[PDB]
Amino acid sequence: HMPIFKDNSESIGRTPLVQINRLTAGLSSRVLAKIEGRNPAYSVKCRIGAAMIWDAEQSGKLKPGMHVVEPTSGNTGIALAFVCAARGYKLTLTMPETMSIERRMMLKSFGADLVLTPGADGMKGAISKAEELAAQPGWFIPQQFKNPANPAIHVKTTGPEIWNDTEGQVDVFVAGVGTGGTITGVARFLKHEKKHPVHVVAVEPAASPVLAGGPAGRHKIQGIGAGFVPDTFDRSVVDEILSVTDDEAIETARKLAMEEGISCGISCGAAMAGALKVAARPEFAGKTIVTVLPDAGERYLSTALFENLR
(Lines of atoms letter the chains of each structure in order from A and count residues from 1; the text may use other names and numbers.)
(Lines give C-alpha, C1' and ligand atoms only; values in the text may rest on other atoms or scores of the structure.)
Protein backbone atom coordinates (compact mmCIF):
# COMPACT_ATOMS: atom_id res chain seq x y z
CA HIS A 1 0.00 0.00 0.00
CA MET A 2 0.97 3.65 -0.08
CA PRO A 3 1.72 5.63 3.09
CA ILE A 4 -0.41 8.46 4.37
CA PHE A 5 1.31 11.56 2.99
CA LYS A 6 1.79 14.23 5.64
CA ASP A 7 1.43 17.00 3.05
CA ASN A 8 0.90 17.04 -0.70
CA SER A 9 4.62 17.41 -1.52
CA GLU A 10 5.29 13.95 -0.11
CA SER A 11 2.85 12.37 -2.58
CA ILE A 12 5.04 12.98 -5.65
CA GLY A 13 5.68 10.26 -8.20
CA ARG A 14 4.66 6.59 -8.08
CA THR A 15 3.36 7.08 -11.64
CA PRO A 16 2.16 4.19 -13.80
CA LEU A 17 3.76 2.60 -16.83
CA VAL A 18 1.25 2.03 -19.64
CA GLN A 19 1.91 -0.16 -22.67
CA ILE A 20 1.37 1.51 -26.07
CA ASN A 21 -0.64 -0.74 -28.41
CA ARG A 22 -1.89 0.98 -31.58
CA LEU A 23 0.89 3.49 -32.26
CA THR A 24 3.19 0.42 -32.01
CA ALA A 25 1.17 -1.88 -34.30
CA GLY A 26 3.56 -3.97 -36.37
CA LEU A 27 6.55 -3.52 -34.06
CA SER A 28 8.25 -6.44 -32.35
CA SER A 29 9.49 -4.21 -29.53
CA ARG A 30 7.47 -3.01 -26.53
CA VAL A 31 6.92 0.69 -25.73
CA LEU A 32 5.93 1.72 -22.20
CA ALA A 33 4.91 5.28 -21.33
CA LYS A 34 5.37 6.65 -17.81
CA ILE A 35 2.45 8.94 -17.00
CA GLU A 36 3.94 11.91 -15.14
CA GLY A 37 0.73 13.89 -15.50
CA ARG A 38 -0.43 11.82 -12.51
CA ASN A 39 1.45 13.94 -9.98
CA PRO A 40 0.18 16.14 -7.13
CA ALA A 41 0.11 19.24 -9.39
CA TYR A 42 -0.05 17.14 -12.58
CA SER A 43 3.44 17.15 -14.08
CA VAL A 44 6.87 15.56 -13.77
CA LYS A 45 8.14 18.89 -12.36
CA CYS A 46 6.31 18.16 -9.12
CA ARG A 47 9.17 15.76 -8.28
CA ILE A 48 11.83 18.48 -8.47
CA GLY A 49 9.66 21.21 -6.93
CA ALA A 50 9.38 19.01 -3.85
CA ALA A 51 13.00 17.81 -3.90
CA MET A 52 14.56 21.25 -4.36
CA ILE A 53 12.54 22.64 -1.44
CA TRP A 54 13.30 19.63 0.80
CA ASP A 55 16.99 19.76 -0.05
CA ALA A 56 17.17 23.45 0.85
CA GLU A 57 15.37 22.80 4.13
CA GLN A 58 17.96 20.11 4.91
CA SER A 59 20.93 22.33 4.06
CA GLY A 60 19.58 25.42 5.86
CA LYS A 61 19.33 27.43 2.62
CA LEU A 62 15.55 27.60 3.27
CA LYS A 63 14.04 28.30 6.71
CA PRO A 64 10.45 28.94 7.85
CA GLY A 65 9.40 32.46 6.98
CA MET A 66 11.86 32.80 4.11
CA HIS A 67 10.76 33.74 0.59
CA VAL A 68 11.21 31.47 -2.46
CA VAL A 69 11.78 32.95 -5.93
CA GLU A 70 12.38 31.28 -9.31
CA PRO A 71 12.18 32.44 -12.95
CA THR A 72 9.90 30.00 -14.77
CA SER A 73 7.09 30.19 -17.32
CA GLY A 74 6.44 26.43 -17.31
CA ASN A 75 5.55 23.52 -15.07
CA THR A 76 8.37 24.20 -12.58
CA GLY A 77 6.42 27.26 -11.43
CA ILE A 78 3.30 25.17 -10.82
CA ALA A 79 5.42 22.58 -9.01
CA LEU A 80 7.02 25.16 -6.70
CA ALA A 81 3.64 26.83 -6.16
CA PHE A 82 1.87 23.74 -4.83
CA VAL A 83 4.88 22.78 -2.69
CA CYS A 84 5.15 26.23 -1.13
CA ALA A 85 1.40 26.20 -0.46
CA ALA A 86 1.65 22.76 1.16
CA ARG A 87 4.73 23.58 3.24
CA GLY A 88 3.98 27.22 4.09
CA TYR A 89 6.47 29.35 2.12
CA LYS A 90 5.84 32.69 0.44
CA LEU A 91 6.61 32.19 -3.26
CA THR A 92 7.36 34.70 -6.00
CA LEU A 93 7.69 33.61 -9.64
CA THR A 94 9.09 35.77 -12.44
CA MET A 95 8.18 35.14 -16.05
CA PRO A 96 7.78 37.09 -19.29
CA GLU A 97 4.33 38.60 -19.66
CA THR A 98 3.87 36.27 -22.66
CA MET A 99 2.86 33.44 -20.29
CA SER A 100 -0.75 32.35 -20.78
CA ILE A 101 -3.54 33.61 -18.54
CA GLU A 102 -4.55 30.04 -17.69
CA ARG A 103 -1.13 29.31 -16.21
CA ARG A 104 -1.23 32.59 -14.30
CA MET A 105 -4.59 31.60 -12.78
CA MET A 106 -3.27 28.19 -11.77
CA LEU A 107 -0.24 29.77 -10.07
CA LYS A 108 -2.37 32.38 -8.29
CA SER A 109 -4.72 29.65 -6.99
CA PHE A 110 -1.74 28.41 -4.95
CA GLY A 111 -1.07 31.95 -3.69
CA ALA A 112 2.07 32.50 -5.73
CA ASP A 113 3.08 36.12 -6.33
CA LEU A 114 3.76 36.71 -10.03
CA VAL A 115 6.26 39.26 -11.33
CA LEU A 116 5.68 39.66 -15.07
CA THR A 117 8.72 40.96 -16.92
CA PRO A 118 8.65 42.63 -20.37
CA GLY A 119 7.92 40.27 -23.25
CA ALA A 120 10.59 42.07 -25.28
CA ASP A 121 13.26 40.88 -22.81
CA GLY A 122 12.16 37.24 -22.95
CA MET A 123 13.29 34.64 -20.44
CA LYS A 124 16.54 36.56 -19.83
CA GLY A 125 14.47 39.43 -18.44
CA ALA A 126 12.64 37.05 -16.13
CA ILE A 127 15.91 35.46 -14.97
CA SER A 128 17.62 38.76 -14.20
CA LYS A 129 14.62 39.96 -12.18
CA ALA A 130 14.53 36.73 -10.16
CA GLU A 131 18.28 36.91 -9.53
CA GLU A 132 17.85 40.49 -8.27
CA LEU A 133 15.00 39.45 -5.97
CA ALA A 134 16.95 36.39 -4.78
CA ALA A 135 19.87 38.58 -3.64
CA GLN A 136 17.69 40.00 -0.87
CA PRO A 137 18.47 38.56 2.58
CA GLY A 138 15.95 35.89 3.45
CA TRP A 139 15.20 34.93 -0.18
CA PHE A 140 15.99 31.49 -1.61
CA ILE A 141 16.25 30.63 -5.33
CA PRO A 142 16.21 26.91 -6.32
CA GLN A 143 17.84 27.28 -9.80
CA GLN A 144 16.19 24.42 -11.68
CA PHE A 145 18.92 24.31 -14.39
CA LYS A 146 21.78 23.97 -11.88
CA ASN A 147 20.42 22.33 -8.72
CA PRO A 148 21.75 18.75 -8.26
CA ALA A 149 18.60 17.93 -6.26
CA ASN A 150 16.76 18.00 -9.61
CA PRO A 151 18.45 14.94 -11.19
CA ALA A 152 18.89 13.42 -7.72
CA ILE A 153 15.16 13.01 -7.11
CA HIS A 154 14.93 11.09 -10.40
CA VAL A 155 17.75 8.80 -9.20
CA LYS A 156 15.74 8.22 -6.01
CA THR A 157 12.20 7.96 -7.41
CA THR A 158 11.66 8.00 -11.19
CA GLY A 159 14.47 5.54 -11.97
CA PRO A 160 13.58 2.99 -9.29
CA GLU A 161 9.89 3.11 -10.26
CA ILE A 162 10.84 2.21 -13.84
CA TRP A 163 13.21 -0.52 -12.69
CA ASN A 164 10.76 -2.02 -10.19
CA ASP A 165 7.65 -1.86 -12.40
CA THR A 166 9.44 -3.45 -15.37
CA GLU A 167 11.23 -5.95 -13.10
CA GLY A 168 14.51 -4.93 -14.69
CA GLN A 169 13.20 -5.21 -18.27
CA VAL A 170 14.29 -1.91 -19.81
CA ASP A 171 16.62 -1.68 -22.81
CA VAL A 172 16.01 1.87 -24.10
CA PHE A 173 15.02 5.06 -22.28
CA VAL A 174 13.76 8.02 -24.32
CA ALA A 175 13.12 11.39 -22.70
CA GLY A 176 12.65 14.96 -23.81
CA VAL A 177 15.20 17.32 -22.28
CA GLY A 178 14.18 20.56 -20.58
CA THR A 179 16.45 20.82 -17.58
CA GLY A 180 17.71 17.33 -18.35
CA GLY A 181 17.10 16.23 -14.76
CA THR A 182 14.77 13.39 -15.78
CA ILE A 183 17.08 11.78 -18.32
CA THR A 184 20.15 12.40 -16.15
CA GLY A 185 18.68 10.81 -13.03
CA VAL A 186 16.98 7.84 -14.70
CA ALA A 187 20.10 7.13 -16.78
CA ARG A 188 22.43 7.48 -13.79
CA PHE A 189 20.25 5.09 -11.79
CA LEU A 190 19.96 2.46 -14.53
CA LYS A 191 23.59 2.65 -15.71
CA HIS A 192 25.51 3.48 -12.51
CA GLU A 193 23.38 2.10 -9.67
CA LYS A 194 21.93 -0.98 -11.41
CA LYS A 195 24.83 -1.46 -13.89
CA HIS A 196 22.20 -2.22 -16.54
CA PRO A 197 22.86 -1.71 -20.28
CA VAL A 198 20.39 0.90 -21.58
CA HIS A 199 20.40 2.96 -24.78
CA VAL A 200 19.52 6.45 -23.49
CA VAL A 201 18.03 8.87 -26.04
CA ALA A 202 17.55 12.61 -25.49
CA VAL A 203 14.75 14.24 -27.51
CA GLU A 204 15.00 17.91 -28.49
CA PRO A 205 13.14 20.12 -31.00
CA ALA A 206 14.36 20.07 -34.58
CA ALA A 207 13.76 23.84 -34.47
CA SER A 208 16.22 24.25 -31.58
CA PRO A 209 18.71 21.29 -31.83
CA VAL A 210 21.25 22.68 -29.37
CA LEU A 211 22.32 19.38 -27.79
CA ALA A 212 23.25 18.17 -31.27
CA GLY A 213 25.32 21.31 -31.86
CA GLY A 214 22.78 23.35 -33.82
CA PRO A 215 21.62 26.90 -33.21
CA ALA A 216 18.95 27.75 -30.68
CA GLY A 217 15.58 28.68 -32.15
CA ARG A 218 11.93 29.23 -31.33
CA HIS A 219 9.78 26.11 -31.13
CA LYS A 220 6.38 25.08 -29.81
CA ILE A 221 7.31 21.98 -27.76
CA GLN A 222 6.66 23.43 -24.32
CA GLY A 223 8.95 22.09 -21.61
CA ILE A 224 11.93 21.12 -23.76
CA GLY A 225 14.32 23.02 -26.02
CA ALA A 226 15.83 25.41 -23.49
CA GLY A 227 18.15 26.79 -26.20
CA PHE A 228 21.25 26.05 -24.10
CA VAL A 229 22.83 22.96 -22.54
CA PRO A 230 21.70 22.93 -18.87
CA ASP A 231 24.11 22.09 -16.08
CA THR A 232 21.59 19.46 -14.89
CA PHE A 233 22.03 17.55 -18.20
CA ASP A 234 24.68 14.80 -17.93
CA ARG A 235 25.83 14.07 -21.50
CA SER A 236 28.02 11.18 -20.32
CA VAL A 237 24.95 9.03 -19.48
CA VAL A 238 23.13 9.88 -22.73
CA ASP A 239 23.90 7.78 -25.81
CA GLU A 240 21.95 9.56 -28.55
CA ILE A 241 20.44 12.96 -29.36
CA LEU A 242 17.28 12.82 -31.50
CA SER A 243 15.31 15.73 -32.95
CA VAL A 244 11.54 15.88 -33.44
CA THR A 245 9.65 18.53 -35.38
CA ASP A 246 6.93 20.67 -33.84
CA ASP A 247 4.38 19.00 -36.14
CA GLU A 248 5.51 15.48 -35.22
CA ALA A 249 5.23 16.36 -31.52
CA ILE A 250 1.77 17.92 -31.85
CA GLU A 251 0.41 15.15 -34.07
CA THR A 252 1.78 12.34 -31.89
CA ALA A 253 0.27 13.93 -28.76
CA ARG A 254 -3.10 14.03 -30.54
CA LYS A 255 -2.67 10.37 -31.50
CA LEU A 256 -1.79 9.37 -27.94
CA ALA A 257 -5.20 10.64 -26.87
CA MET A 258 -7.09 9.31 -29.91
CA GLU A 259 -5.44 5.88 -30.25
CA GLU A 260 -4.38 5.11 -26.65
CA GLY A 261 -6.72 7.20 -24.47
CA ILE A 262 -3.72 8.99 -22.94
CA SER A 263 -4.43 12.72 -22.59
CA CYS A 264 -1.06 14.42 -22.61
CA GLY A 265 0.88 17.52 -23.60
CA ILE A 266 2.93 18.48 -26.63
CA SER A 267 6.28 17.32 -25.25
CA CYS A 268 4.64 13.96 -24.54
CA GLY A 269 4.07 13.74 -28.28
CA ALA A 270 7.70 14.68 -28.86
CA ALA A 271 9.04 12.03 -26.48
CA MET A 272 6.72 9.37 -27.94
CA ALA A 273 7.55 10.29 -31.55
CA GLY A 274 11.21 9.79 -30.69
CA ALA A 275 10.53 6.59 -28.76
CA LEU A 276 8.52 5.09 -31.64
CA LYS A 277 11.33 5.84 -34.11
CA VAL A 278 13.87 4.10 -31.88
CA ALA A 279 11.49 1.23 -31.12
CA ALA A 280 11.21 0.40 -34.83
CA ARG A 281 14.95 -0.11 -35.33
CA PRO A 282 15.93 -3.76 -36.01
CA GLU A 283 18.40 -3.88 -33.13
CA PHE A 284 15.59 -3.34 -30.60
CA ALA A 285 13.36 -6.13 -31.90
CA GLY A 286 11.93 -7.85 -28.84
CA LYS A 287 13.32 -5.16 -26.51
CA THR A 288 11.55 -2.76 -24.12
CA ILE A 289 11.53 1.01 -24.72
CA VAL A 290 10.46 3.25 -21.82
CA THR A 291 9.62 6.92 -22.31
CA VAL A 292 8.27 9.69 -20.08
CA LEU A 293 5.06 11.61 -20.77
CA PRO A 294 5.56 14.79 -18.68
CA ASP A 295 2.02 16.24 -18.17
CA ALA A 296 -1.68 16.21 -19.11
CA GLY A 297 -3.62 17.42 -22.13
CA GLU A 298 -5.99 19.71 -20.22
CA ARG A 299 -3.09 22.08 -19.51
CA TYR A 300 -2.95 22.69 -23.30
CA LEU A 301 -6.56 23.57 -24.23
CA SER A 302 -5.49 27.04 -25.45
CA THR A 303 -2.41 25.88 -27.41
CA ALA A 304 -1.68 24.54 -30.88
CA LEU A 305 -2.36 21.03 -29.50
CA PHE A 306 -6.13 21.58 -29.57
CA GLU A 307 -6.00 23.96 -32.57
CA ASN A 308 -7.79 21.40 -34.76
CA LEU A 309 -10.77 21.06 -32.35
CA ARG A 310 -11.71 24.78 -32.22
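Don't overthink the numbering: it's just position in the shown sequence, from 1.
With 144 to 152 and 217 to 225 compared on mean CA B-factor from the PDB entry, the stretch scoring higher is 217 to 225.
Stretches 34 to 42 and 62 to 70 differ in mean CA B factor, with 62 to 70 having the higher one.
Of the candidates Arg87, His199, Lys195, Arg235, it is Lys195 whose Cα B-factor is highest according to the PDB record.
Looking at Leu301, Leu17, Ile12, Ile20, the one whose CA carries the top B-factor in the deposited record is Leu301. Among the modelled residues of its chain, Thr98 has a C-alpha B-factor that falls in the highest third, as given in the PDB entry.
Looking at the C-alpha B-factors along this chain, the one for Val115 belongs to the highest third.
When all modelled residues of the chain are sorted by CA temperature factor, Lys277 is found within the middle third. The PDB entry assigns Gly297 a C-alpha temperature factor belonging to the middle third of its chain's modelled residues. Annotation for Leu190: C-alpha temperature factor in the highest third relative to the rest of the modelled chain, per the entry.
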